[PDB]
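K.L.:
Have a look at this one.
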Amino acid sequence: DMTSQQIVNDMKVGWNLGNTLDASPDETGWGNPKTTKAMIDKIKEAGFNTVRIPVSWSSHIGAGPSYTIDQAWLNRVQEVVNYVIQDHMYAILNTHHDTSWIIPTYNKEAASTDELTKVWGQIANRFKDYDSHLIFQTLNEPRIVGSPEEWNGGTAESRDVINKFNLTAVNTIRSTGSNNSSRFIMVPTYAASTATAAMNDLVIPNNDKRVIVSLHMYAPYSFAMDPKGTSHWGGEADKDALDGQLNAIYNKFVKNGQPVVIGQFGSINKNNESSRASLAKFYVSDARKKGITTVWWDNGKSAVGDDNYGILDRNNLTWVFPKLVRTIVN
Ligand SMILES: [Cl-]
């Protein structure tokens, strides 16, 4: 009987198993160890209630027109889903670095739609009997790689085609029955962008009451993502800018009865844990006041500088940034 907003609130706060099943050609390909139950237990013990499990399917899909997903890969994905589910957390299962075959142009739409139907049909069938703690996310950051608008919310054409892709995925999921008839489903804007036009052009498939919007927002960019940007965050201007961004999401979606999960946020290590914790504390608390649940991007990289978003050392089961983790889960 739960509503989408009740689900989002129950999810509380999440952690991404990044650079893992989303790596290629296999789980260890980008330097992370094979995931264990003990790693996921650490997540639960810290107080997270959601794990997002990004999965890149491309390397595991056979030739058209069957597009068969390798059974051993599905079996491994299910092992990882089970770590999370057996710990009584929400699991988000997606498609991830799949832009090679998911291409949002009118010219590529028919072929991508067909493959999405075949691929989501197999994923959904395998996972159909899980309860509502398993959430499907149709697409990660669907976009045209290399286009000028890739990180600016796309174009009218690509935003239109993404709506068709999300609709195809939702219909395919629901068509498989069992608990997929009522499973909660996350769908992104173009690139999961918070750009005004990306959010304005999103159409919820079938106006389905069990669809949640997925957005990614590593704000503020210069502090959080840019290795050349400032290493300090705090104070009234920084709070005002972030509150403004969260309020735009609240005003567009949440206030109108459309729930939102920020399925990726985070900051890189600039030897600046205090600033990173100040940011996370404000981000998570202000998002929650606006009904929005957040999910930290952890790629297993905790050295200093570019792309080091990891906060758990998976190899020795140690939280590297203990003040930061505590601000995320409080
Ligand atoms: Cl200031």
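K.L.:
Which trypsin sites (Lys or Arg not before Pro) from segment 1-69 combine a DSSP loop assignment with at most 13 other Cβ atoms within 10 Å?
P.N.:
Passing both the DSSP loop test and the Cβ count: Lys34.
K.L.:
Cross-link candidates for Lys118: which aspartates and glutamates have Cα within less than 18 Å, leaving aside residues fewer than 8 places away along the same chain?
P.N.:
Partners found: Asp70, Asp98, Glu109.
K.L.:
Still on this structure: So, with +1 on the Cβ of K and R and -1 on the Cβ of D and E, and no other charges, what is the size of the charge dipole of the chain about its Cα centre, to the nearest 20 debye?
P.N.:
Dipole of the chain, to the nearest 20 debye: 660 debye.
K.L.:
Sticking with this one: To make sure I understand, if each residue's beta carbon is the centre and we count other beta carbons within 10 Å, what order do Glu149, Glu79 fall in, fewest to most?
P.N.:
Starting with the residue having the fewest Cβ neighbours, the order is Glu79, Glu149.
K.L.:
For Cα pairs less than 8 Å apart in space and 6+ apart in sequence, what is the mean separation divided by the residue count of the chain, i.e. the relative contact order in percent?
P.N.:
Dividing the mean separation by the residue count of the chain yields 18 percent.
K.L.:
Can you sort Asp41, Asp22, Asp1 so the residue with the fewest Cβ neighbours within 10 Å comes first?
P.N.:
Arranged by neighbour count, lowest to highest, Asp41, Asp22, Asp1 become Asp1, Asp41, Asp22.
K.L.:
Here is a follow-up. If you average the C-alpha positions of segment 1-56 and of segment 197-235 separately, how far apart do those two centres end up, in angstrom?
P.N.:
That distance is 19 Å.
K.L.:
Cut-off under 12 Å on the C-alpha distance; same-chain residues fewer than 8 positions from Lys252 excluded. Which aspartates and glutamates are left, in chain and number order?
P.N.:
Excluding near neighbours in sequence, the set is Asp201.
K.L.:
Follow-up. Sort 259-267, 64-72, 158-166, 241-249 by packing, meaning the average of other beta carbons within 10 Å per residue, with the highest value first.
P.N.:
259-267, 158-166, 241-249, 64-72
K.L.:
Using a Cα-Cα cut-off of under 25 Å, which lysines could be cross-linked to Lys301, ignoring same-chain neighbours fewer than 8 residues away?
P.N.:
Here the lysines satisfying the reach criterion relative to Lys301 are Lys12, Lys34, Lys37, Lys42, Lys44, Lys228, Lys270, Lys281, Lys323.
K.L.:
Follow-up. How would the chain be classified by its alpha-carbon gyration tensor: rounded, prolate or oblate, with rounded meaning a/c under 1.5 and the a/b versus b/c comparison settling the rest?
P.N.:
Rounded shape, in that the Cα axes give a/c under 1.5.
K.L.:
Still on this structure, I have one more. Kindly state, to the nearest 0.05, the FRET efficiency for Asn247 paired with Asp114, given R0 = 30 Å and r defined as their beta-carbon distance.
P.N.:
Taking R0 as 30 Å, the efficiency between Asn247 and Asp114 is 0.15.
Virtual Cβ from ideal backbone geometry, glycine too; neighbours counted across all protein chains shown. Since every read-out is calculated from the coordinates, none of them should be taken as a lab result.
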